[PDB]
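Asks: Got a structure for you, questions after.
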Amino acid sequence: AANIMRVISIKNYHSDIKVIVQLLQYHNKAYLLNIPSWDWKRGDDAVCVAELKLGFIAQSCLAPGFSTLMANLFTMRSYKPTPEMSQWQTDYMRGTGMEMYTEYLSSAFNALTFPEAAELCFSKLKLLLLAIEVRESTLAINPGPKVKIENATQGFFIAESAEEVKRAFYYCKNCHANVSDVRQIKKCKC
Amino acid sequence: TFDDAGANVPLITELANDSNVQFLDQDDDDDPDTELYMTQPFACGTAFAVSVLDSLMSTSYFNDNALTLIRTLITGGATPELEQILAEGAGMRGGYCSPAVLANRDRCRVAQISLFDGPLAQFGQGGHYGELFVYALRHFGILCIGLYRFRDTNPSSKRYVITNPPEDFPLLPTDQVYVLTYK
Amino acid sequence: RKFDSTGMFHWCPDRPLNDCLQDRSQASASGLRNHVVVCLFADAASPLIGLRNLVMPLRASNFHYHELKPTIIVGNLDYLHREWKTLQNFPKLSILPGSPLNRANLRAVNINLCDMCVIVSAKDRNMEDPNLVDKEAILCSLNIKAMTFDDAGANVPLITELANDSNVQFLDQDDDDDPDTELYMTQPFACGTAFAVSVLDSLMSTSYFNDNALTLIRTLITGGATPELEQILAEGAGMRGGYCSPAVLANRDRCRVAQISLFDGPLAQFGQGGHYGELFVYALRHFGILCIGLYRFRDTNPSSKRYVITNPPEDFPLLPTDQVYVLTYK
């Protein structure tokens with residue numbers, strides 16, 4: 001209730017501020033959805049920790065460890081080995097070294113299907129593409145062969161840094177197509 | 001214990017205070033200096049705690065679309081239209097549906113699959129994660145995002161989770177794969 | 001028809017609350033239009049606010065029964081049971097039990113068709129720092145204002161009681177306000193949307209300076225609660241009523257506060273660019289209608305908000321959109 005007041009006060013003072021609010025309860029959300037200038041299409045949002053918690057653990061009922069898989073993608077964490085770690089710890093921690101990142105696909109991806117774009121990202125760029133922004137416009141996850149990539153598509157990636165996903169922006173189907181030392185990929189002449 | 005068991009029951013437990021995770025398990029080999037995300041019960045997917053959600057505030061701000069993606073997966077598809085329909089206070093209005101809306105039943109789903117048998121088991125027999133990845137996407141549209149592997153490969157049923165393995169990462173027929181799928 | 005024993009109010013023999021209680025289907029089935037909605041916020045144990053003081057004016061006997069505004073109260077049922085003993089004598093009254101925030105209730109109540117929605121709270125007026133105290137009323141106001149309806153929204157007429165005056169800044173948008181403004185200058189108060197108990201404080205001082213002025217305000221705002229009625233209620237028997245003698249029933253010719261439009265009818269000639277004094281002299285002379293102020297759109301050049309002008313000058317201009325506060329005998 002106190003945090004709703006705030007958002008009321010902030011929006012009353014100026015409607016066009018992007019407001020992000022933490023909610024401890026789900027049932028409270030419906031109140032702030034009724035605020036006259038609350039607009040998620042404008043980027044306003046509510047982080048309902050109760051809704052999120054129960055969603056994360058409910059996915060674990062569908063796929064046992066998924067809450068851990070998914071929680072690690074959404075916090076900044078550096079990979080930092082030390083030699084006393086077992087195999088499974090060094091593996092697990094490499095997994096924790098991931099975050100999810102967002103970047104625009106280069107023009108070289110244009111008119112591929114999402115399947116070929118994912119194959120190309122994984123095989124050549126060493127990037128795990130999993131979703132794309134489709135033109136209103138909307139997110140789509142693992143979309144089927146019918147969906148073509150289009151110019152300036154935003155892609156959603158799992159990677160160790162923002163520095164990694166850049167490769168998807170710079171890739172060139174002439175200038176980089178055989179650059180096996182992937183860290184060498186940069187602004188193309190072609 | 002049970003008739004024709006015990007620690008083989010799959011559990012997930014929410015914790016209010018993170019450091020209590022040390023009590024949740026035995027054969028643990030832990031140290032209380034470990035932060036939650038490195039602890040064996042969290043790495044096995046048995047623990048969960050609200051503290052791991054805290055960077056949802058910051059990630060919310062740095063890329064709004066990422067916060068929509070996590071919601072579209074973890075909720076199973078609670079779109080803002082549903083949030084509005086619930087905010088009318090009438091309860092969750094439903095019934096039969098038109099084919100035009102019912103088409104959305106082809107959403108992508110999070111699923112888990114085993115390399116022990118079926119067409120992928122050939123990769124579980126000492127192949128690599130990239131071979132599996134390229135094959136499964138190409139033949140089924142199944143997109144692989146990580147592995148779930150026994151901690152005791154040499155013993156317990158605990159398994160740890162490996163987000164996004166390297167292309168040349170080895171496989172066992174005991175491995176299970178986290179995947180995104182349409183069927 | 002039947003009245004309180006002093007003639008002053010319309011009246012009904014006693015009712016169990018279950019005669020006036022309705023569910024959403026019953027409320028939606030009822031043809032509620034041009035009615036009054038009371039959004040009541042209460043906990044079951046919270047203090048009795050005396051809603052009689054709300055209903056009783058809206059049942060003055062100098063209204064005819066066919067023009068009595070129907071009334072529906074949306075609120076906590078257990079609270080309303082302990083209020084009910086005071087209300088049960090009043091006709092055309094009903095209850096929908098539940099939260100006022102649950103839009104459904106508001107739609108089942110035809111909130112979009114009411115002549116006035118009242119937002120009122122029995123919650124503890126000191127329970128937190130003042131920024132939280134009115135949150136129930138503020139959220140309810142914004143909620144109703146944000147709705148939409150089939151063949152709307154901010155066109156719903158509202159009045160909201162506030163426990164803390166400075167919360168009025170949250171009550172409205174397109175506001176152009178400054179927090180340095182005192183309540184009486186704020187747009188929501190000047191429009192008649194806000195009200196707060198602080199504006200009653202000078203009733204102490206005015207009480208002392210001219211007792212008769214305090215009787216005048218009571219005779220208008222109560223609709224005619226004379227000290228004979230106060231005594232009859234103080235006997236604790238409940239509000240005794242029935243049929244009346246013509247000798248007491250004559251008091252149904254009281255003067256009433258009314259509001260009238262210059263958009264059409266015999267006065268519209270003055271609304272077409274005349275002056276308030278021309279209207280005043282004409283209306284008194286032909287109808288005994290005495291004019292005390294205007295209600296005018298703020299956005300004459302846009303919103304339905306209208307501001308109030310007490311006692312305009314003789315040469316004050318008029319618009320056909322103006323509405324006039326008047327005192328009348330019919």
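By convention here, the chains of the structure tokens are called A, B, ... in the order presented, each chain's residues are numbered starting at 1, and ligands are numbered starting at 1 in the order presented.
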Near residue 125 (chain A), counting only C-alpha atoms, which residues have an atom at most 10 Å away, once you skip same-chain residues fewer than 4 positions from it, shown as a PyMOL selection string?

Replies: chain A and resi 118-121+164-168+171+177+179-183+185

Asks: Using only C-alpha atoms, which protein or nucleic acid residues come within 12 Å of residue 85 (chain C)? Drop anything in the same chain fewer than 5 positions from it, and give the result as a PyMOL selection string.

Replies: chain C and resi 14-17+48+50-52+79-80+90+233+236-239

Asks: From region 60-177 of chain C, collect each residue whose DSSP state is helix (DSSP H, G or I) and return the set as an NGL selection string.

Replies: :C and (65-67 or 77-87 or 103-108 or 111-113 or 130-133 or 135-146 or 153-155 or 165-170)

Asks: Counting only C-alpha atoms, which residues of chain C come no farther than 7 Å from chain A, as an MDAnalysis selection string?

Replies: chainID C and resid 132 135 142:143 146 170 173

Asks: If you keep N, CA and C atoms, can you produce a file of those selected residues as a short mmCIF file (atom, residue, chain, number, x, y, z; two decimals), in the first residue's frame?

Replies:
```
data_model
loop_
_atom_site.label_atom_id
_atom_site.label_comp_id
_atom_site.auth_asym_id
_atom_site.auth_seq_id
_atom_site.Cartn_x
_atom_site.Cartn_y
_atom_site.Cartn_z
N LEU C 132 -0.36 7.82 4.05
CA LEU C 132 -1.05 6.54 3.93
C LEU C 132 -2.54 6.63 4.28
N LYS C 135 -5.22 6.48 1.54
CA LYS C 135 -4.94 5.62 0.38
C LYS C 135 -6.16 4.84 -0.11
N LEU C 142 -9.35 7.04 -8.05
CA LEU C 142 -8.60 6.77 -9.27
C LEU C 142 -9.15 5.55 -10.01
N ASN C 143 -9.52 4.50 -9.29
CA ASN C 143 -10.09 3.29 -9.87
C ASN C 143 -11.36 3.59 -10.66
N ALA C 146 -10.73 5.68 -13.76
CA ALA C 146 -10.02 4.93 -14.79
C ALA C 146 -10.88 3.90 -15.54
N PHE C 170 -3.22 14.30 -4.80
CA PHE C 170 -3.21 13.01 -5.49
C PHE C 170 -4.54 12.69 -6.17
N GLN C 173 -5.69 14.72 -11.86
CA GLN C 173 -4.64 15.07 -12.82
C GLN C 173 -5.11 16.24 -13.71
#
```

Asks: Could you give me, as a PDB file with C-alpha atoms, in the first residue's frame, the residues within 10 Å of residue 162 (chain C), counting only C-alpha atoms and dropping anything in the same chain fewer than 6 positions from it?

Replies:
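The file below, around07.pdb, is the result:
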```
ATOM      1  CA  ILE C 119     -16.461   7.909  -1.321  1.00  0.00           C
ATOM      2  CA  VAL C 120     -16.396   7.737   2.498  1.00  0.00           C
ATOM      3  CA  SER C 121     -14.284   5.925   5.121  1.00  0.00           C
ATOM      4  CA  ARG C 125      -8.003   8.715  10.848  1.00  0.00           C
ATOM      5  CA  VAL C 133      -4.267   7.552   5.782  1.00  0.00           C
ATOM      6  CA  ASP C 134      -6.388   8.371   2.684  1.00  0.00           C
ATOM      7  CA  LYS C 135      -4.937   5.616   0.377  1.00  0.00           C
ATOM      8  CA  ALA C 137     -10.236   6.725  -0.759  1.00  0.00           C
ATOM      9  CA  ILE C 138      -7.544   7.880  -3.242  1.00  0.00           C
ATOM     10  CA  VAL C 168      -6.053  16.286  -2.229  1.00  0.00           C
ATOM     11  CA  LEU C 171      -6.980  13.056  -6.151  1.00  0.00           C
ATOM     12  CA  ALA C 194     -12.995  16.955  -2.566  1.00  0.00           C
ATOM     13  CA  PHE C 195     -14.321  17.581   0.934  1.00  0.00           C
ATOM     14  CA  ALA C 196     -12.469  17.510   4.293  1.00  0.00           C
ATOM     15  CA  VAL C 197     -13.512  17.963   7.956  1.00  0.00           C
ATOM     16  CA  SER C 198     -11.025  20.863   8.439  1.00  0.00           C
TER      17      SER C 198
END
```

Asks: Do a neighbour search on residue 165 (chain B) at 10 Å with only C-alpha atoms, toss out local chain neighbours closer than 2 positions, and write the hits as an MDAnalysis selection string.

Replies: (chainID A and resid 91:92 94:95 128) or (chainID B and resid 128:130 144:147 162:163 167:170)

Asks: Please produce a file of the residues just selected, as a PDB file, in the first residue's frame, where the atoms kept are N, CA, C and O atoms.

Replies:
```
ATOM      1  N   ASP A  91      32.277 -26.961 -13.492  1.00  0.00           N
ATOM      2  CA  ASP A  91      31.214 -26.992 -14.487  1.00  0.00           C
ATOM      3  C   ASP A  91      30.059 -26.077 -14.099  1.00  0.00           C
ATOM      4  O   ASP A  91      29.701 -25.168 -14.844  1.00  0.00           O
ATOM      5  N   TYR A  92      29.494 -26.298 -12.912  1.00  0.00           N
ATOM      6  CA  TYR A  92      28.361 -25.547 -12.409  1.00  0.00           C
ATOM      7  C   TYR A  92      28.678 -24.064 -12.433  1.00  0.00           C
ATOM      8  O   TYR A  92      27.934 -23.277 -13.011  1.00  0.00           O
ATOM      9  N   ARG A  94      30.866 -22.459 -14.236  1.00  0.00           N
ATOM     10  CA  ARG A  94      30.906 -21.951 -15.614  1.00  0.00           C
ATOM     11  C   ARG A  94      29.502 -21.620 -16.092  1.00  0.00           C
ATOM     12  O   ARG A  94      29.270 -20.542 -16.618  1.00  0.00           O
ATOM     13  N   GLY A  95      28.543 -22.485 -15.787  1.00  0.00           N
ATOM     14  CA  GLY A  95      27.128 -22.205 -15.987  1.00  0.00           C
ATOM     15  C   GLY A  95      26.674 -20.921 -15.294  1.00  0.00           C
ATOM     16  O   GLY A  95      26.016 -20.090 -15.913  1.00  0.00           O
ATOM     17  N   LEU A 128      24.406 -18.586 -27.762  1.00  0.00           N
ATOM     18  CA  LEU A 128      23.129 -19.284 -27.670  1.00  0.00           C
ATOM     19  C   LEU A 128      21.978 -18.293 -27.855  1.00  0.00           C
ATOM     20  O   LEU A 128      21.508 -17.702 -26.892  1.00  0.00           O
TER      21      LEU A 128
ATOM     22  N   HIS B 128      29.404 -34.896 -27.847  1.00  0.00           N
ATOM     23  CA  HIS B 128      29.543 -33.553 -27.283  1.00  0.00           C
ATOM     24  C   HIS B 128      28.286 -32.712 -27.437  1.00  0.00           C
ATOM     25  O   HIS B 128      27.533 -32.849 -28.400  1.00  0.00           O
ATOM     26  N   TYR B 129      28.080 -31.792 -26.498  1.00  0.00           N
ATOM     27  CA  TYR B 129      26.889 -30.955 -26.413  1.00  0.00           C
ATOM     28  C   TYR B 129      26.568 -30.223 -27.717  1.00  0.00           C
ATOM     29  O   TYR B 129      25.407 -30.140 -28.102  1.00  0.00           O
ATOM     30  N   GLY B 130      27.570 -29.750 -28.450  1.00  0.00           N
ATOM     31  CA  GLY B 130      27.343 -29.097 -29.732  1.00  0.00           C
ATOM     32  C   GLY B 130      26.796 -30.022 -30.816  1.00  0.00           C
ATOM     33  O   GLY B 130      25.973 -29.610 -31.626  1.00  0.00           O
ATOM     34  N   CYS B 144      18.409 -26.480 -27.104  1.00  0.00           N
ATOM     35  CA  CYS B 144      18.956 -26.950 -25.828  1.00  0.00           C
ATOM     36  C   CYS B 144      19.678 -25.836 -25.079  1.00  0.00           C
ATOM     37  O   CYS B 144      20.567 -25.198 -25.639  1.00  0.00           O
ATOM     38  N   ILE B 145      19.350 -25.628 -23.804  1.00  0.00           N
ATOM     39  CA  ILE B 145      19.901 -24.523 -23.007  1.00  0.00           C
ATOM     40  C   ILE B 145      20.783 -24.959 -21.838  1.00  0.00           C
ATOM     41  O   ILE B 145      21.457 -24.124 -21.239  1.00  0.00           O
ATOM     42  N   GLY B 146      20.835 -26.244 -21.498  1.00  0.00           N
ATOM     43  CA  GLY B 146      21.721 -26.729 -20.447  1.00  0.00           C
ATOM     44  C   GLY B 146      21.554 -28.203 -20.127  1.00  0.00           C
ATOM     45  O   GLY B 146      20.697 -28.881 -20.685  1.00  0.00           O
ATOM     46  N   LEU B 147      22.353 -28.697 -19.193  1.00  0.00           N
ATOM     47  CA  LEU B 147      22.362 -30.095 -18.774  1.00  0.00           C
ATOM     48  C   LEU B 147      22.052 -30.236 -17.293  1.00  0.00           C
ATOM     49  O   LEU B 147      22.290 -29.328 -16.505  1.00  0.00           O
ATOM     50  N   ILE B 162      24.003 -27.381 -15.435  1.00  0.00           N
ATOM     51  CA  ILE B 162      25.040 -26.738 -16.239  1.00  0.00           C
ATOM     52  C   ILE B 162      24.372 -25.882 -17.307  1.00  0.00           C
ATOM     53  O   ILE B 162      23.920 -26.394 -18.327  1.00  0.00           O
ATOM     54  N   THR B 163      24.286 -24.578 -17.087  1.00  0.00           N
ATOM     55  CA  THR B 163      23.809 -23.634 -18.105  1.00  0.00           C
ATOM     56  C   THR B 163      24.755 -23.628 -19.293  1.00  0.00           C
ATOM     57  O   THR B 163      25.957 -23.547 -19.083  1.00  0.00           O
ATOM     58  N   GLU B 167      30.705 -26.069 -26.960  1.00  0.00           N
ATOM     59  CA  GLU B 167      30.409 -26.949 -28.098  1.00  0.00           C
ATOM     60  C   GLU B 167      31.011 -28.353 -27.936  1.00  0.00           C
ATOM     61  O   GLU B 167      30.357 -29.358 -28.196  1.00  0.00           O
ATOM     62  N   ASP B 168      32.253 -28.426 -27.479  1.00  0.00           N
ATOM     63  CA  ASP B 168      33.010 -29.659 -27.288  1.00  0.00           C
ATOM     64  C   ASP B 168      32.835 -30.263 -25.881  1.00  0.00           C
ATOM     65  O   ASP B 168      33.657 -31.069 -25.449  1.00  0.00           O
ATOM     66  N   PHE B 169      31.809 -29.864 -25.130  1.00  0.00           N
ATOM     67  CA  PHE B 169      31.582 -30.391 -23.789  1.00  0.00           C
ATOM     68  C   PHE B 169      31.074 -31.846 -23.824  1.00  0.00           C
ATOM     69  O   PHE B 169      30.058 -32.097 -24.474  1.00  0.00           O
ATOM     70  N   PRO B 170      31.712 -32.807 -23.133  1.00  0.00           N
ATOM     71  CA  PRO B 170      31.338 -34.216 -23.216  1.00  0.00           C
ATOM     72  C   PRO B 170      29.964 -34.532 -22.634  1.00  0.00           C
ATOM     73  O   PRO B 170      29.493 -33.853 -21.723  1.00  0.00           O
TER      74      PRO B 170
END
```

Asks: Name the residues in contact with residue 141 (chain A) at a cut-off of 7 Å, using only C-alpha atoms, excluding same-chain residues fewer than 4 positions from it; report them as a count of residues only.

Replies: 4

Asks: Can you work out which residues from chain B touch chain A at a cut-off of 8 Å (counting only C-alpha atoms) and hand them back as a VMD selection string?

Replies: chain B and resid 10 12 37 to 38 42 to 46 48 50 52 to 53 55 to 57 59 to 61 63 to 66 69 71 74 to 75 83 to 84 86 to 87 108 110 to 112 130 134 137 to 138 141 143 145 to 146 148 151 160 to 165 167 178 180 to 181

Asks: Could you please tell me, as a ChimeraX atom specification, which residues of chain B have an atom within 8 Å of chain C when using only C-alpha atoms?

Replies: /B:87-90

Asks: What does the distance from CA of residue 116 (chain C) to CA of residue 35 (chain C) come to in Å, to one decimal?

Replies: 7.0 Å

Asks: Might you pull out every residue within 12 Å of residue 215 (chain C), with only C-alpha atoms counted and same-chain residues fewer than 5 positions away left off, and present them as a PDB file with N, CA, C and O atoms, in the first residue's frame?

Replies:
```pdb
ATOM      1  N   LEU C 203     -16.951  26.491  12.139  1.00  0.00           N
ATOM      2  CA  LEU C 203     -18.272  26.332  12.726  1.00  0.00           C
ATOM      3  C   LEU C 203     -18.259  26.588  14.229  1.00  0.00           C
ATOM      4  O   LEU C 203     -19.242  27.103  14.741  1.00  0.00           O
ATOM      5  N   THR C 206     -18.096  30.689  14.224  1.00  0.00           N
ATOM      6  CA  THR C 206     -19.376  31.194  13.708  1.00  0.00           C
ATOM      7  C   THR C 206     -20.542  30.820  14.619  1.00  0.00           C
ATOM      8  O   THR C 206     -21.423  31.647  14.832  1.00  0.00           O
ATOM      9  N   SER C 207     -20.431  29.677  15.254  1.00  0.00           N
ATOM     10  CA  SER C 207     -21.439  29.319  16.199  1.00  0.00           C
ATOM     11  C   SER C 207     -21.546  30.435  17.188  1.00  0.00           C
ATOM     12  O   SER C 207     -22.639  30.887  17.490  1.00  0.00           O
ATOM     13  N   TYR C 208     -20.418  30.904  17.693  1.00  0.00           N
ATOM     14  CA  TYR C 208     -20.458  31.908  18.746  1.00  0.00           C
ATOM     15  C   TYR C 208     -20.826  33.273  18.271  1.00  0.00           C
ATOM     16  O   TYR C 208     -21.491  34.003  18.987  1.00  0.00           O
ATOM     17  N   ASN C 210     -22.724  34.274  15.638  1.00  0.00           N
ATOM     18  CA  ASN C 210     -24.142  34.406  15.318  1.00  0.00           C
ATOM     19  C   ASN C 210     -24.828  33.047  15.294  1.00  0.00           C
ATOM     20  O   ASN C 210     -24.857  32.352  14.285  1.00  0.00           O
ATOM     21  N   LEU C 220     -30.598  23.993   6.079  1.00  0.00           N
ATOM     22  CA  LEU C 220     -30.309  23.612   4.699  1.00  0.00           C
ATOM     23  C   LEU C 220     -29.652  22.238   4.613  1.00  0.00           C
ATOM     24  O   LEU C 220     -30.226  21.326   4.032  1.00  0.00           O
ATOM     25  N   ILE C 221     -28.475  22.037   5.202  1.00  0.00           N
ATOM     26  CA  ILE C 221     -27.706  20.814   4.954  1.00  0.00           C
ATOM     27  C   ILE C 221     -28.402  19.559   5.457  1.00  0.00           C
ATOM     28  O   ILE C 221     -28.314  18.530   4.797  1.00  0.00           O
ATOM     29  N   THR C 222     -29.138  19.614   6.564  1.00  0.00           N
ATOM     30  CA  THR C 222     -29.869  18.443   7.061  1.00  0.00           C
ATOM     31  C   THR C 222     -31.144  18.152   6.286  1.00  0.00           C
ATOM     32  O   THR C 222     -31.751  17.110   6.497  1.00  0.00           O
ATOM     33  N   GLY C 223     -31.622  19.079   5.459  1.00  0.00           N
ATOM     34  CA  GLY C 223     -32.949  18.994   4.851  1.00  0.00           C
ATOM     35  C   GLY C 223     -34.117  19.294   5.797  1.00  0.00           C
ATOM     36  O   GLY C 223     -35.261  19.294   5.349  1.00  0.00           O
ATOM     37  N   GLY C 224     -33.865  19.574   7.078  1.00  0.00           N
ATOM     38  CA  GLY C 224     -34.890  20.003   8.044  1.00  0.00           C
ATOM     39  C   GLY C 224     -34.955  19.188   9.335  1.00  0.00           C
ATOM     40  O   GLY C 224     -36.043  18.957   9.853  1.00  0.00           O
ATOM     41  N   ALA C 225     -33.827  18.718   9.867  1.00  0.00           N
ATOM     42  CA  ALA C 225     -33.795  17.986  11.133  1.00  0.00           C
ATOM     43  C   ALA C 225     -33.991  18.937  12.326  1.00  0.00           C
ATOM     44  O   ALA C 225     -33.030  19.427  12.921  1.00  0.00           O
ATOM     45  N   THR C 226     -35.243  19.247  12.654  1.00  0.00           N
ATOM     46  CA  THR C 226     -35.600  20.152  13.759  1.00  0.00           C
ATOM     47  C   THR C 226     -35.296  19.524  15.129  1.00  0.00           C
ATOM     48  O   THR C 226     -35.223  18.298  15.244  1.00  0.00           O
ATOM     49  N   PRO C 227     -35.148  20.308  16.208  1.00  0.00           N
ATOM     50  CA  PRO C 227     -34.868  19.751  17.526  1.00  0.00           C
ATOM     51  C   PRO C 227     -35.954  18.800  18.044  1.00  0.00           C
ATOM     52  O   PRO C 227     -35.656  17.907  18.828  1.00  0.00           O
TER      53      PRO C 227
END
```

Asks: Would you kindly return, as a compact mmCIF listing (two decimals) with C-alpha atoms, in the first residue's frame, each protein, DNA or RNA residue with an atom no farther than 8 Å from any atom of residue 257 (chain C), considering only C-alpha atoms and excluding same-chain residues fewer than 5 positions away?

Replies:
```
# COMPACT_ATOMS: atom_id res chain seq x y z
CA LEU C 220 -30.31 23.61 4.70
CA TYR C 325 -27.51 27.10 -7.55
CA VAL C 326 -30.99 28.16 -6.41
CA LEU C 327 -33.45 28.11 -3.53
CA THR C 328 -36.96 26.99 -4.59
```

Asks: Between CA of residue 147 (chain A) and CA of residue 80 (chain B), measure the distance and give it in Å to one decimal.

Replies: 23.8 Å
